[PDB]
Amino acid sequence: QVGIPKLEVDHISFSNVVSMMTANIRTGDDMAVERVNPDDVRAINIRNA
Amino acid sequence: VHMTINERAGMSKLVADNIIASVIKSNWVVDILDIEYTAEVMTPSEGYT
């Protein structure tokens, strides 16, 4: 028989399997982009809907 | 590759260096149509000023 989910019944349980990152995930460099705004404002095609 | 470039606007600088490198390294021909220029025809004694 398959194990009853712990939240399904009213007993407390103090040994449980927590998933974890192996190390801090904010450690890396932040993303950065190269925005390059349009050559001529009058030439911009805002149409097409 | 014989690449034609009608625009240059919005192009990443990194992509431009990559293309010029493709000229130097993969023998790309790269026709940029947007450019306008005056020219001078120097004599060999004169050199490239």
# chains A, B, ... in the order shown; residues from 1 in each chain; ligands from 1
call {"tool": "select_by_dssp", "arguments": {"residues": "chain B", "states": "strand (DSSP E)", "output": "MDAnalysis selection string"}}
result
chainID B and resid 2:5 29:32
call {"tool": "write_last_selection", "arguments": {"atoms": "N, CA and C atoms", "output": "JSON list (two decimals), in the first residue's frame"}}
result
[["chain", "number", "residue", "atom", "x", "y", "z"],
["B", 2, "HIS", "N", 28.23, 36.61, -48.63],
["B", 2, "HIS", "CA", 28.19, 37.97, -49.13],
["B", 2, "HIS", "C", 26.98, 38.62, -48.49],
["B", 3, "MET", "N", 27.21, 39.33, -47.39],
["B", 3, "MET", "CA", 26.13, 39.90, -46.61],
["B", 3, "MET", "C", 25.83, 41.32, -47.03],
["B", 4, "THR", "N", 24.56, 41.60, -47.30],
["B", 4, "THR", "CA", 24.15, 42.96, -47.59],
["B", 4, "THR", "C", 23.52, 43.55, -46.34],
["B", 5, "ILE", "N", 23.87, 44.80, -46.04],
["B", 5, "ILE", "CA", 23.29, 45.48, -44.90],
["B", 5, "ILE", "C", 22.64, 46.77, -45.38],
["B", 29, "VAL", "N", 32.22, 38.99, -47.61],
["B", 29, "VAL", "CA", 32.05, 40.29, -48.25],
["B", 29, "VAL", "C", 30.81, 40.93, -47.63],
["B", 30, "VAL", "N", 30.93, 42.20, -47.27],
["B", 30, "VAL", "CA", 29.90, 42.85, -46.48],
["B", 30, "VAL", "C", 29.57, 44.21, -47.07],
["B", 31, "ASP", "N", 28.53, 44.25, -47.89],
["B", 31, "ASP", "CA", 28.13, 45.47, -48.56],
["B", 31, "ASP", "C", 27.20, 46.31, -47.68],
["B", 32, "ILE", "N", 27.73, 47.39, -47.10],
["B", 32, "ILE", "CA", 26.90, 48.38, -46.39],
["B", 32, "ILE", "C", 26.35, 49.52, -47.27]]
call {"tool": "closest_atom_pairs", "arguments": {"of": "chain B", "to": "segment 23-36 of chain A", "cutoff": "12 Å", "atoms": "only C-alpha atoms", "output": "tab-separated table"}}
result
residue	atom	partner	partner_atom	distance
B:8	CA	A:36	CA	11.2
B:9	CA	A:36	CA	8.4
B:10	CA	A:36	CA	5.6
B:11	CA	A:36	CA	7.8
B:12	CA	A:34	CA	7.4
B:13	CA	A:34	CA	8.9
B:14	CA	A:34	CA	9.6
B:15	CA	A:34	CA	11.4
call {"tool": "select_by_dssp", "arguments": {"residues": "chain B", "states": "helix (DSSP H, G or I)", "output": "PyMOL selection string"}}
result
chain B and resi 13-26
call {"tool": "write_last_selection", "arguments": {"atoms": "N, CA, C and O atoms", "output": "PDB file, in the first residue's frame"}}
result
ATOM      1  N   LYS B  13      26.608  46.575 -31.334  1.00  0.00           N
ATOM      2  CA  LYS B  13      28.002  46.878 -31.644  1.00  0.00           C
ATOM      3  C   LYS B  13      28.787  45.580 -31.648  1.00  0.00           C
ATOM      4  O   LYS B  13      29.702  45.387 -32.456  1.00  0.00           O
ATOM      5  N   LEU B  14      28.394  44.673 -30.758  1.00  0.00           N
ATOM      6  CA  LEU B  14      29.064  43.390 -30.622  1.00  0.00           C
ATOM      7  C   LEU B  14      28.883  42.580 -31.892  1.00  0.00           C
ATOM      8  O   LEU B  14      29.820  41.930 -32.374  1.00  0.00           O
ATOM      9  N   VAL B  15      27.679  42.650 -32.446  1.00  0.00           N
ATOM     10  CA  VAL B  15      27.394  42.010 -33.722  1.00  0.00           C
ATOM     11  C   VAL B  15      28.196  42.624 -34.879  1.00  0.00           C
ATOM     12  O   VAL B  15      28.617  41.923 -35.801  1.00  0.00           O
ATOM     13  N   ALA B  16      28.440  43.925 -34.809  1.00  0.00           N
ATOM     14  CA  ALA B  16      29.228  44.580 -35.840  1.00  0.00           C
ATOM     15  C   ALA B  16      30.672  44.107 -35.794  1.00  0.00           C
ATOM     16  O   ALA B  16      31.270  43.812 -36.835  1.00  0.00           O
ATOM     17  N   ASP B  17      31.224  44.014 -34.585  1.00  0.00           N
ATOM     18  CA  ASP B  17      32.591  43.519 -34.432  1.00  0.00           C
ATOM     19  C   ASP B  17      32.656  42.079 -34.906  1.00  0.00           C
ATOM     20  O   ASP B  17      33.652  41.650 -35.486  1.00  0.00           O
ATOM     21  N   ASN B  18      31.580  41.339 -34.670  1.00  0.00           N
ATOM     22  CA  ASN B  18      31.548  39.938 -35.053  1.00  0.00           C
ATOM     23  C   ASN B  18      31.523  39.748 -36.560  1.00  0.00           C
ATOM     24  O   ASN B  18      32.162  38.843 -37.108  1.00  0.00           O
ATOM     25  N   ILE B  19      30.796  40.629 -37.227  1.00  0.00           N
ATOM     26  CA  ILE B  19      30.733  40.631 -38.682  1.00  0.00           C
ATOM     27  C   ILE B  19      32.061  41.051 -39.312  1.00  0.00           C
ATOM     28  O   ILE B  19      32.529  40.410 -40.260  1.00  0.00           O
ATOM     29  N   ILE B  20      32.677  42.107 -38.781  1.00  0.00           N
ATOM     30  CA  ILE B  20      33.952  42.572 -39.327  1.00  0.00           C
ATOM     31  C   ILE B  20      35.002  41.496 -39.129  1.00  0.00           C
ATOM     32  O   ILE B  20      35.835  41.230 -40.015  1.00  0.00           O
ATOM     33  N   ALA B  21      34.922  40.823 -37.987  1.00  0.00           N
ATOM     34  CA  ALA B  21      35.789  39.678 -37.752  1.00  0.00           C
ATOM     35  C   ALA B  21      35.484  38.590 -38.773  1.00  0.00           C
ATOM     36  O   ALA B  21      36.379  37.863 -39.163  1.00  0.00           O
ATOM     37  N   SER B  22      34.227  38.468 -39.198  1.00  0.00           N
ATOM     38  CA  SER B  22      33.892  37.454 -40.183  1.00  0.00           C
ATOM     39  C   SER B  22      34.463  37.812 -41.539  1.00  0.00           C
ATOM     40  O   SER B  22      34.673  36.942 -42.389  1.00  0.00           O
ATOM     41  N   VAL B  23      34.719  39.099 -41.742  1.00  0.00           N
ATOM     42  CA  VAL B  23      35.379  39.531 -42.965  1.00  0.00           C
ATOM     43  C   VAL B  23      36.805  39.069 -42.883  1.00  0.00           C
ATOM     44  O   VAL B  23      37.326  38.433 -43.795  1.00  0.00           O
ATOM     45  N   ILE B  24      37.436  39.391 -41.763  1.00  0.00           N
ATOM     46  CA  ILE B  24      38.853  39.088 -41.588  1.00  0.00           C
ATOM     47  C   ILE B  24      39.163  37.583 -41.511  1.00  0.00           C
ATOM     48  O   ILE B  24      40.225  37.143 -41.944  1.00  0.00           O
ATOM     49  N   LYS B  25      38.209  36.797 -41.023  1.00  0.00           N
ATOM     50  CA  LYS B  25      38.446  35.398 -40.669  1.00  0.00           C
ATOM     51  C   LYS B  25      37.751  34.390 -41.571  1.00  0.00           C
ATOM     52  O   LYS B  25      38.267  33.302 -41.806  1.00  0.00           O
ATOM     53  N   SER B  26      36.560  34.728 -42.041  1.00  0.00           N
ATOM     54  CA  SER B  26      35.833  33.835 -42.931  1.00  0.00           C
ATOM     55  C   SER B  26      35.702  34.423 -44.331  1.00  0.00           C
ATOM     56  O   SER B  26      34.944  33.911 -45.154  1.00  0.00           O
TER      57      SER B  26
END
call {"tool": "interface_residues", "arguments": {"of": "chain A", "to": "chain B", "cutoff": "7 Å", "atoms": "only C-alpha atoms", "output": "list in words"}}
result
residues 36, 37, 38 and 39 of chain A
call {"tool": "atom_distance", "arguments": {"atom1": "atom CA of residue 40 of chain A", "atom2": "atom CA of residue 36 of chain B"}}
result
16.9 Å
